[PDB]
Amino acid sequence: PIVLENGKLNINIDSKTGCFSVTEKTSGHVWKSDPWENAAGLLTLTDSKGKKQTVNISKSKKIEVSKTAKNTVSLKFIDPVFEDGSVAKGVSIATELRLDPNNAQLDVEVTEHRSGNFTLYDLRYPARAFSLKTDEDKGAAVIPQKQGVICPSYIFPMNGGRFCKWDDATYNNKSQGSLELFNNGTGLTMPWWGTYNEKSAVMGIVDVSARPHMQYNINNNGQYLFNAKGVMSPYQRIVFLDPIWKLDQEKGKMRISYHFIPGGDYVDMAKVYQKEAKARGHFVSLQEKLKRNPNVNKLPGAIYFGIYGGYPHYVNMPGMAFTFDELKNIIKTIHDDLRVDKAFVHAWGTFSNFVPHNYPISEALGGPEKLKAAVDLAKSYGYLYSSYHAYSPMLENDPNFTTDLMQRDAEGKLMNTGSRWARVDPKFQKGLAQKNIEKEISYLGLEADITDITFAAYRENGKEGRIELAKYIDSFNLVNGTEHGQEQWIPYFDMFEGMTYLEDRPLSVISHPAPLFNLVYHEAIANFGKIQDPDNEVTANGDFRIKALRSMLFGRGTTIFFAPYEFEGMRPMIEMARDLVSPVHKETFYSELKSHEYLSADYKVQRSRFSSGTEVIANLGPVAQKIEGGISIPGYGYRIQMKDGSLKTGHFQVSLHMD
């Protein structure tokens, strides 16, 4: 067995299979290779008949493992063997394992692949590596799915209903699949993932040029590999996360950089990636943004209000649209009656054309002067204001609809026929914004802007047009936000609307929310709840009690998103956000989220520490629970140490008012 070793790590590479283990020498923990099949990698390719098959590349006809430098092992997998005994002659995979001379870091790279007369697709490499043994290792997989989750590697006490769904998912297909990088759906928002137990942690950072997918397996024994054969899996329940290199489309460097952290967990992983985020240029702190624009300080302690008038979906929809006088009175009530000191007012429905023509200010809703009177009132309060804007949609029900600004593929067919909100080719979107945004800014004296959709993901197609639009919006130096966001867009915005959680998502029944994105980026980008899942709606992600406490733990601001007719029903939640969340949000806004901890066995009691000197403890479950020192945290309760030495304690209560 070929060995790479420095002071912190030892890489044990098998000469016959190419599998490797990693001994983390400070703790002594050994990361084993594939526990199921001893597979260095899993390669999906066509056979002689043309059918797709997945093969174990350690079963290849020739395997060359040679120590090639002081700290480099080169591997070559030549002529894989199919299930029927036939050979994929002329197919080869070349890889490299490169140990850092000093640090506990191992680069893994697929350097070459040859197809011969076959077609290569997915390669899991390394396969089923860095796994945790279910109910023996007491740790978790760490997955930055949107704001982020952890997936414990062992069964633990929890509500009986949750428990049944949790355990069942680890035995069926809910616990296996793949996610993609940098989308606003089910996918990841940072190019890393990891696993840890009580002794040691490992996380892998994907090369900036590459777009692998991430395979997950959360305590599943691999029964999904045997269902079609109708036999029982012979494998052990394990947790692993694998890169999936898309060999049929990947043009970048197929490299992942593994970092090994004695005693680390998801916090330590996030702080490792934070260094790489700064080196990649994503990290532009809110302090620098405030130096450039003093109005950024209107955001700490601000509640984000979305007044949804049925727009952009419909123009002046009866029963949904607000007039500008109605908008002005909502603003006045929020300040004068509800005593809200700071706010971002976002008015969905101020123009009489459909997006992407964000003009004119609608005559039917009252006209420009009445809109200016509403914005002027908000500004007199120190509130931020923006209309709803989007430059990406092309809507069927728009009388101005045309396919002119839509993109066509190489066969001349329209793209995004299935995504009505993202149909305008990004190379046109700056031009569309230029039609009226400067006129609205100067007429209303705008201090703020929110632009929706265009920056919710970071895909390659159209990226140049999106950067052009981001640079243009940024040149105005407004306090500005965008829907969802991604790390690549952080330099151009002050806040992201979202970057929290989908309601229905893979892993939802077998994961806990963890503030992974904010552990990296809280100093750099402010985030608020998503308008589809606001703090006033009861969803899979919780009611107001749960969402307000999670807001303070994770460091995001409150989102109240409502149709006008709902407004009277919003008042109690606005008041509670005002009294509880707003002061914590304000104090912690610019700070680093230094640490996050789960303090109860059911993961419902949690503790977050911010570099402003603020400590948030909250209990997101119904029963009181004790933490160290015998302190009790009430159900749906909190214990918050503020910078000024005050201790905020309390809890939410649901009461029945029988007349």
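The first residue of the shown sequence is 1; numbering continues from there. In this text, rigid core is short for the largest set of C-alphas that superpose within 1.5 Å between two forms.
Between 147-155 and 412-420, the larger root mean square Cα shift in 4 other deposited structures of this protein, once each structure is superposed on the rigid core, falls on 412-420. Put simply, when the other structures in 4 other deposited structures of this protein are lined up on the rigid core, the C-alpha atoms of 403-411 lie farther off than those of the other stretch, from 403-411 and 502-510. Relative to one another, 283-291 and 71-79 have unequal mean CA B-factors, and 71-79 is the one with the higher figure. The mean Cα B-factor in the deposited entry runs higher for 84-92 than for the other of 84-92 and 229-237. Across 251, 313, 556, 162, the entry's maximum B-factor at the CA atom is seen for 251.
If you compare the C-alpha temperature factors of 539, 402, 500, 532 in the entry, 402 comes out highest. Annotation for residue 603: C-alpha temperature factor in the lowest third relative to the rest of the modelled chain, per the entry.
Among all modelled residues in its chain, residue 117 ranks in the highest third by Cα B-factor. Sort the modelled residues of the chain by CA B factor and residue 593 lands in the middle third. Residue 200: CA B factor in the middle third of modelled residues in this chain (values from the PDB entry). In the deposited entry, the Cα temperature factor of residue 244 places it in the middle third of its chain's modelled residues.
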